[PDB]
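# Commentary on secondary and tertiary structure
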Amino acid sequence: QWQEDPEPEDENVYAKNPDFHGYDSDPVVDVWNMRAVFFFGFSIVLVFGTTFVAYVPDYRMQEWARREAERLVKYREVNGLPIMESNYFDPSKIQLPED
Amino acid sequence: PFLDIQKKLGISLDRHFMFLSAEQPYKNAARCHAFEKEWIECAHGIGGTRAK
Amino acid sequence: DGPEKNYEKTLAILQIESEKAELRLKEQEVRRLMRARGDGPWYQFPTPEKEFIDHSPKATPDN
Amino acid sequence: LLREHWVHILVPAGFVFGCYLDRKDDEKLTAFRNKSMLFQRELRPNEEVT
Amino acid sequence: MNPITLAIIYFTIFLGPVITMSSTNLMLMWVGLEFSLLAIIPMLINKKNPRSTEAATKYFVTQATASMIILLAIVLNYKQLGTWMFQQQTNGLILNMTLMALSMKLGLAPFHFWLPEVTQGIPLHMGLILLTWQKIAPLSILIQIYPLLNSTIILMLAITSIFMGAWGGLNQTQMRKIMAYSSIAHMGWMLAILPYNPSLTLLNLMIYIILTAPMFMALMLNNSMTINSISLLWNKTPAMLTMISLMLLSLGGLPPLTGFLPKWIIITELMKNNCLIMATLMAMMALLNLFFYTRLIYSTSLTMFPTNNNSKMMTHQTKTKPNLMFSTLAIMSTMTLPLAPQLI
Amino acid sequence: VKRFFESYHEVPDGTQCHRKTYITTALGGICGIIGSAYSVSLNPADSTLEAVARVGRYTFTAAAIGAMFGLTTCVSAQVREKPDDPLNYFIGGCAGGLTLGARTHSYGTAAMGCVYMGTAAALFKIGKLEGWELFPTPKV
Amino acid sequence: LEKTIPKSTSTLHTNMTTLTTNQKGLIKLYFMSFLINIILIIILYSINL
Amino acid sequence: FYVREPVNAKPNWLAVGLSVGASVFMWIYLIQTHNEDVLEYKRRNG
Amino acid sequence: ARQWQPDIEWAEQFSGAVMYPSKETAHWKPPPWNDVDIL
Amino acid sequence: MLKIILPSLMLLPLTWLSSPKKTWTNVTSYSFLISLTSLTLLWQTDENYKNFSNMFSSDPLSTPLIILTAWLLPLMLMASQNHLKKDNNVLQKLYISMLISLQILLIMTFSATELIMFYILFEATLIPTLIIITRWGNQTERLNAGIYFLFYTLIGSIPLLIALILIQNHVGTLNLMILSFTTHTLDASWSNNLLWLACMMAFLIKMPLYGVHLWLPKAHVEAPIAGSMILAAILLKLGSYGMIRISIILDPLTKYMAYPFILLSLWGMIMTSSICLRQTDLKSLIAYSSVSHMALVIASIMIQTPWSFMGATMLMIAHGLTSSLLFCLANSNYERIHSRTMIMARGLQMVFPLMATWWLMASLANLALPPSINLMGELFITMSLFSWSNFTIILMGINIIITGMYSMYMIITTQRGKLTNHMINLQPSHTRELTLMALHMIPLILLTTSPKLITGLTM
Amino acid sequence: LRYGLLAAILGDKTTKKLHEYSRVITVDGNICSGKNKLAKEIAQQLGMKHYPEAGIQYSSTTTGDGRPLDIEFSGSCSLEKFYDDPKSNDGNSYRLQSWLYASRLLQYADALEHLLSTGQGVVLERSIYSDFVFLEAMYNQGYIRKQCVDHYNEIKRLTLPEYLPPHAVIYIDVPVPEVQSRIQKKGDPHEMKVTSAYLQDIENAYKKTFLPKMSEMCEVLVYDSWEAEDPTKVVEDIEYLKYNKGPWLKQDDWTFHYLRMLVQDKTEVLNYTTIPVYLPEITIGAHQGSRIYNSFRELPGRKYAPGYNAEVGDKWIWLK
Amino acid sequence: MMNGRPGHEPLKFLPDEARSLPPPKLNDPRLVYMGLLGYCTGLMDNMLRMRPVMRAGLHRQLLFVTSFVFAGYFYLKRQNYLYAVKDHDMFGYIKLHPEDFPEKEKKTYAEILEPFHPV
Ligand SMILES: CCCCCCCCCCCCCCCCCC(=O)OC[C@H](COP(=O)(O)OCCN)OC(=O)CCCCCCCCCCCCCCCCC
Ligand SMILES: CCCCCCCCCCCCCCCCCC(=O)OC[C@H](COP(=O)(O)OCCN)OC(=O)CCCCCCCCCCCCCCCCC
Ligand SMILES: CCCCCCCCCCCCCCCCCC(=O)OC[C@H](COP(=O)(O)OCCN)OC(=O)CCCCCCCCCCCCCCCCC
Ligand SMILES: Nc1ncnc2c1ncn2[C@@H]1O[C@H](COP(=O)(O)OP(=O)(O)OP(=O)(O)O)[C@@H](O)[C@H]1O
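Residues numbered from 1 in each chain as written, not as in the entry; some residues may be left out. Chains lettered and ligands numbered in written order. Part of a larger assembly, values for the part shown. Heavy atoms only, no water.

If you check the PDB entry, chain F appears there as MCG5603 from Mus musculus. The title line of the PDB record says "Cryo-EM structure of respiratory complex I in the deactive state from Mus musculus at 3.2 A". UniProt, in the comment section headed Subunit (unreviewed entry), describes chain F in these words: "Complex I is composed of 45 different subunits." The UniProt entry for chain F carries the following text under Sequence similarities (unreviewed entry): "Belongs to the complex I NDUFA11 subunit family." (UniProt positions renumbered as here; feature names shortened; annotations may be inferred.)

By the naming in the PDB entry, chain A is NADH dehydrogenase [ubiquinone] 1 beta subcomplex subunit 11, mitochondrial, taken from Mus musculus. In its Function section, UniProt records this for chain A: "Accessory subunit of the mitochondrial membrane respiratory chain NADH dehydrogenase (Complex I), that is believed not to be involved in catalysis. Complex I functions in the transfer of electrons from NADH to the respiratory chain. The immediate electron acceptor for the enzyme is believed to be ubiquinone." Taken verbatim from the UniProt record of chain A, the Subunit comment is "Complex I is composed of 45 different subunits. Interacts with BCAP31."

Residues and elements named next belong to chain K. Counting buried residues along strand β4 (residues 168-172), 5 of its 5 residues qualify, which places the element largely inside the surrounding structure. Side chains of β4 alternate between two faces, with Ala 168, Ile 170 and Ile 172 and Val 169 and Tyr 171 buried alike. Pairing analysis gives 2 bridges linking strand β1 (residues 24-26) to β4, with the strands arranged parallel. Across the sheet, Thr 26 pairs through a bridge with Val 169, a residue of β4. Note that β4 and strand β5 (residues 219-223) share 5 bridges and pair parallel. Pairing of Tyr 171 across the sheet is with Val 222, part of β5. (Buried < 20%, exposed > 50% of the residue type's maximum accessible area, 1.4 Å probe, protein only. Helix = DSSP H or I, 4+ residues; strand = E, 2+ residues; numbered from the N terminus. Pairing = 2+ DSSP bridges.)

Moving on: the interface of chain E and chain K. With 33 residues of chain E at the interface, the matching set in chain K holds 43 residues. Summing both sides of the interface, chain E and chain K together bury roughly 3100 Å²; the carbon and sulfur share of this comes to 59%. By the criterion of area lost to chain K, the three top residues of chain E are E:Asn310, E:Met313 and E:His316, representing 21% of everything that side buries. Between the two partners, chain E and chain K, sit 1 salt bridge. At the surface where chain E touches chain K, the tally comes to 9 residue pairs in polar contact. Only α1 (3-22), α10 (198-222), α11 (227-230), α12 (233-236) and α16 (311-316) of chain E provide two or more residues apiece to the side of chain E that touches chain K. Ranked by the residues each element gives to the side of chain E that touches chain K, the list is headed by α16(E), at 6 residues. The residue inventory of the side of chain E that touches chain K, partitioned by class, reads 13 nonpolar, 16 polar and 4 charged. (Contact = heavy atoms within 4.5 Å. Buried area = accessible area lost by both parts, 1.4 Å probe. Salt bridge = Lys/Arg side-chain N within 4 Å of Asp/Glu carboxyl O. Polar contact = N/O pair within 3.5 Å; in protein donor to acceptor, adjacent residues only side chain to side chain. Nonpolar A, V, L, I, M, F, W, Y, C, P; charged D, E, K, R; others polar.)

Now for the site of ligand 3. By nearness alone, 15 residues border ligand 3, and E:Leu276, F:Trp132, J:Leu166, J:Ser191 and J:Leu194 come closest of all. With respect to ligand 3, the chains having nearby residues are chains E, F, G and J. J:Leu195 is positioned with one of its backbone polar atoms (N or O) 3.1 Å from an oxygen atom of ligand 3. For ligand 3, whose unbound accessible area comes to 1000 Å², protein coverage reaches 70%. Those elements that provide at least two residues to the shell around ligand 3 are α15 (276-302) of chain E together with α7 (142-170) and α9 (190-206) of chain J. Counting residues per element, the shell around ligand 3 draws most heavily on α9(J), at 5 residues. (Near = heavy atom within 4 Å. Areas by Shrake-Rupley, 256 points an atom, 1.4 Å probe, with all protein chains shown as cover.)

Right, let's talk about the site of ligand 4 for a bit. All names here are of chain K. The environment of ligand 4 is formed by 18 residues, the closest being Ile 31, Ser 33, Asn 36, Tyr 83 and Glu 191. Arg 126 is positioned with one of its side-chain polar atoms (N or O) 3.4 Å from an oxygen atom of ligand 4. Burial of ligand 4 by the protein chains amounts to 81% of its free accessible area of 630 Å². Going through the elements one at a time, α2 (35-46), α4 (79-84) and α5 (92-117) are the ones with two or more residues in the shell around ligand 4. Element by element, the count of residues in the shell around ligand 4 is highest for α5, at 3 residues. Tallied by class, the residues present in the shell around ligand 4 amount to 7 nonpolar, 4 polar and 7 charged.

Structure (structure tokens):
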């Protein structure tokens, strides 16, 4: 047979670092890494991200659109016009081909 | 050519005895001197696609 | 900033790109005409040099 | 202390460099600054809109 | 070999192509080719072993026949027009014989069978020259006559070269034969784009040279003429993997790397000329080159092979081989896509 | 004089079946002659008899390929009035691959050639119709 | 779905690889092949013209 | 402490000086060239 | 466990004159390591 | 956009000239800050889209992909940490650099305007993935897996390039929205049909069609967890983005040159959801789940309706998050048992009583439990295909059933039996991986609360 | 500046220094013969240099700080274990033979470069021309396999011919019972477990292959124990020696130059010892290899290149 | 292609017809990228020679950067000249051949009837 090291063996971590957190064997580094994770992902992004996104105004005009639609319905129902026609473009300016 | 170092330095190593209308030693004329002279002089400046 | 900035910036981008497109499609046809007619500055294939022809008497009248 | 804590000047410097290059890009593309058929204003309160 | 002999032989090796490219007279071009041949043979045969002698013999015979055919073409043109330069009036047979001869001089298929044998029998610093510096004069002679060539036979030669290069590199386990078939493929690309745009032939030429020189230097670092020998590079010199892998991917022609641009822009021009079917065939068959380059990237940089013991003493020893050109050319060849509009 | 192979495309498919099959058969024979010359010069044999037998094998094989392809195509165009349909050439290519598999005694080769030659012939016809050019001249 | 696409690709290309790389270093055969090439090219030219 | 005292035990001050001088001269010539080209451009175009 | 790394069985398949030896005419043998044949 | 890309480019030096103890921490924190900054793209107060340059642009369809890409990074950092822990500092810095390069290229190709830039980046995404899968896998078939992945992709991508050139020549640009304001109808000829095939097959391969799905299960099973995550979340989305962007010019061909792919998708959906019932490898099960879910995306792009595209985008993002979550959950066990076999370890939820919840919710999502964006996508795809033809509901219901079956199978054969009491090596749950699962879930809650950021172009 | 074409053109040539006694001599024999003493005395009486026998730590001693290294960093082999338990299923026997051939080759080179740059002749102990006797002995005894033997012969063919042979070969002949007695007296709990069969196989290899093979290209001088220990006879024989029949006369300045380049580049020396022939006795796995290499580079004075390790007192690392 | 044109000087890097174009600025992204490549070449040279990357050969790295920027400036000038010449010739030909470059008769969408395609 040939030269090679033998398969290693499982290694409990809690035996030496019962306060283990998952990141590094060095306890202080483990702790500061988990702290950085929790303070930059949870305490900031999710919180301030949610805040900013929630207070983005008029996302894609879905609010101005409702306001303007109310204005239009009022104008039209008041002046007897209909609320919406069957042709977007006025068929006057258009010039159809004659067969 | 591919690298006009000759024309760059304004010299002549190989481009003076190419064709028949060139300079012969004791002014000896070549056979088709006039025909070739005319062809060249008429194709000068419009090279290739036109001259063909 | 307001939306007018993005609006006008998009308009300028569109201008630039449309100009590029016109120029490319004109380049193709110009190159085609030049390759097929030899009437321009490109694709002017070479010819012999008339400066090396001899224009002196030749020891015989007929050439 | 610097040899281990000077690496905190790169990524924010990168953010600022990015903002600066965006500023350059929009200093370009200046055309149509007020020639849009929708936002043609009259320059009454200022000298440059965008 | 003493300094005087070295100087004379290498000055001739350098002068050959220079005359070829700086001369208007086809006779002087032929002279340059003969210089190249004469001055290359001794370097091939330096080691004086049966394999090198056989390689030299094959090279000599092939190149000499090719030169004779080229000179026949020249003589026929001379009887036909009185001038020593091809014009728009030479019988196309003359030019097709000339193209066959130039293709055998280069190593294109189906005139390629000699290239792998010779390169194998030859050392590394000689394959480098044979595959980079000895492609410049025969390609120049073609660049000078690109308007009056036969696209049909050119494209047939190019596509045959692509195909056979792929189907050779798939099987060869020897560095030098792999390089030979890669040369065949890239020269096929060159010929393909030649009659439409030769600036791109020259582009791909310089790209392939920048990509090949540093690879042969990498090899010469340990004289690893084999896959199982270059696999030990992780224990001998592992600071070369990050660059061997990238240069091989560039050769293969992977998008984000210099080596891509040649294929891309050549395909563009062929599309403008309605050579889309040929461009498609070539682009699909380059993936085999990419395949047998990935198979080497694996054995070199993405998995460790069974090593040896005396490699320990090899580690003990120091080294001063890889001069600055290695790094310079590898960087220029791997990280220069953002500058493609200038190289075009 | 090269018009033997141009008489194939002077009439819609479904006509002149006999001469069309003759043309495809000549094409097969030529391709086989070239292949056999190459395989005889490289990778040669022992006896000139075995060599000429290799030649005959390859030539008759390719000739059968071409004959079956052309005949099946024109027969499909006959039984169905569709002279501008690449499906006929696909069927012909599959028949050619079938004949190749019958000769070489390999269902693998049979189906592989079927698919490949079918695509090849269909794309050939598509080019003929649309206006594709193979080996075109420079225009940039 | 393995037998069809990838295994077929591999088989095809390995077989053509063997074909094209079954070469023995015989200059006679290489040059006979070169001669076949010359003949084919001359014929293409003289035929199409 | 080694036993084969190498070539690199101390720096090549000639190479150092030449490199630094070449760099400084490159930058000086580059600045001068750029400024001169700008001056010529503006002379030609107004 | 741990990362599997090639063994002799996996590395000796790159050691023949040519890969994919599906041929029966490929009686060849690896060339020398110094290009000096045996005699 | 450059304020998003330059810092991602600077994460590299940080990584290399950071000390061997603070590189993970620093790069993860700054990656989180990048994810944060990427939310500028969500400031869309008008129906006009963003255009920062001639080279970059953002849309309601590219913004979510970009933010998910910038969010997944620190999660992959955290997940690739327990393994390659003993590996050398240099090797793990290499790993981090690979991850960062993937991030940058994916952001670029989502923010791109030109199809050819999109192409070079969608094809440069191969190098880091191949390297991660081959240099850090544990089996011996990762090499063949990389071969399959690489070459499927390239074989699909070449004709796309050729079609892009043909277009760049006919039209004078490959620029988006110009290809829109100038698009013409076509002639319904065979050349244009082959143009369609070319433009499409690349993306139909990068998101596995039924018949060419034979690179995803391999790559997953043989790849590490970060590779698995990115492959499941974004690399399967490049195809969707590309098709949603390229289908605008191929009109009106997809009305009839799309049937085969709709059929293959609606059938392979069933034929993979069923494999998810009798596969033994948890990772391959989840891979086939990804396939059965991307089939819907394909069939919904094919029919070109607003509801269809909306559902496609919703399901894209939702499946990204959920698949990453499930992969990390299986990895938590693998790290403890070194076997992907599902029926080996059982009776959990006794020693890991909390991770049994994450296991459960990731399953509630995959089987489309309302209210959820998985369902808000599936439902609209179903409605669009029912308007297309009412007989699709049959196959949709069959797939729904099989999904509800194999999700709970995966739950019960791992967490809801009785324990394999002979398992001494069940190290308790790490805060790190619990945080992974929480970071995966919470954004799903938030996107279920505000699914206006996830509809897409139409809405 | 380094030696090369330029130095050889400028005047750093060879033939300007080949004074008589610019030779290379070997003092071979059996194991416990007076080789060290005789060779030191010859070196003194002829002004030449002495290169002692090369073992498992020759490279560790010639490179770096000069101190030895763990056996896993230099050799992974043990002569003690070879004498204690041959036939082992580990591979120590051939894994030791190969490393010792490599070290003897490195030593031959380190001596040739010294002899060519400086005319000071050299005297060595058993060399690459005689290492094979200890291999043939093990093969005839059953400690090694024909595969290992063929691997050894192949590396020998690849390496040896590129080197010049010795001028004078002194063979100190001694019989196996006297050798065993000398071993018991000297005292070594492991050497004292060796076998007269092995010793006689060594002697027979010597007399039947080495002497014939070498008397045709270098002057042989065979002596016994009592002619030895009276060295002046040996030294005067050498001084009288005629130096024909060798290739050293076919050599000019430029052959010497192209040999000095090889001998100076210590990696083209071992490229062929490092061939990937996969013997289970030397084939090291990737994990073991990587661990050993990374630890070797972790060690001091070995991480970076010689003039670039500050932890050992290297300054100016920012300008060289 | 553009070699054989009137007013063509052989083997010249930069004629005087190019001194009228605006020169590139040293802050140009391409020059900066060439500087980056120089620095990376230095670092790779060290990494291959087994020296401390980023802590060795400062003069070497400086030389690399300087040479790269130097070559880039001039090569960029040249390529800009070439592109300008290309546009020049193209527009000149367009102006001398008005018979093959006619202004399109661009209509308005109110007249041309484009076909409609449901779903
Ligand atoms: C788009 C990018 C995609 C990439 C994903 C990765 C994201 C990583 C970045 C971090 C996340 C950044 C922000 C995520 C979006 C946050 C949305 C938000 O801010 O909430 C807005 C909402 C008010 O919504 P608004 O639009 O202002 O008014 C109209 C009605 N929506 O106001 C709120 O509701 C906020 C209050 C939250 C309270 C949560 C209560 C939970 C209720 C339980 C619901 C359970 C439903 C799910 C159950 C099944 C799930 C399995
Ligand atoms: C931004 C846009 C993105 C555009 C697309 C980007 C394309 C993808 C980028 C690919 C770059 C890397 C590709 C090549 C992979 C190289 C594989 C490799 O080098 O790692 C293997 C090897 C491990 O060696 P080993 O013996 O196992 O132990 C460590 C001892 N060095 O490693 C080595 O031994 C290396 C040599 C050791 C030298 C000392 C360490 C110095 C660092 C050298 C590595 C530098 C890598 C730079 C990575 C930058 C990534 C962008
Ligand atoms: C294991 C799988 C097999 C792997 C081996 C692959 C073998 C490659 C196939 C052999 C080559 C056959 C293709 C030849 C291309 C012919 C040219 C063509 O089809 O282009 C036509 C079209 C543009 O035409 P149009 O614009 O209308 O006008 C005329 C041109 N100006 O432009 C186009 O349509 C571009 C067409 C490009 C080629 C498309 C190939 C088929 C696409 C669908 C399948 C893609 C998967 C890979 C190929 C599978 C086998 C075909
Ligand atoms: N190639 C080899 N294989 C096995 N053993 C070897 C080899 N080379 C040397 N040895 C061992 O090295 C030892 C050399 O001891 P030796 O008696 O030569 O000491 P010494 O210092 O040379 O003294 P002296 O010169 O008087 O003999 C022997 O026991 C021998 O077995």
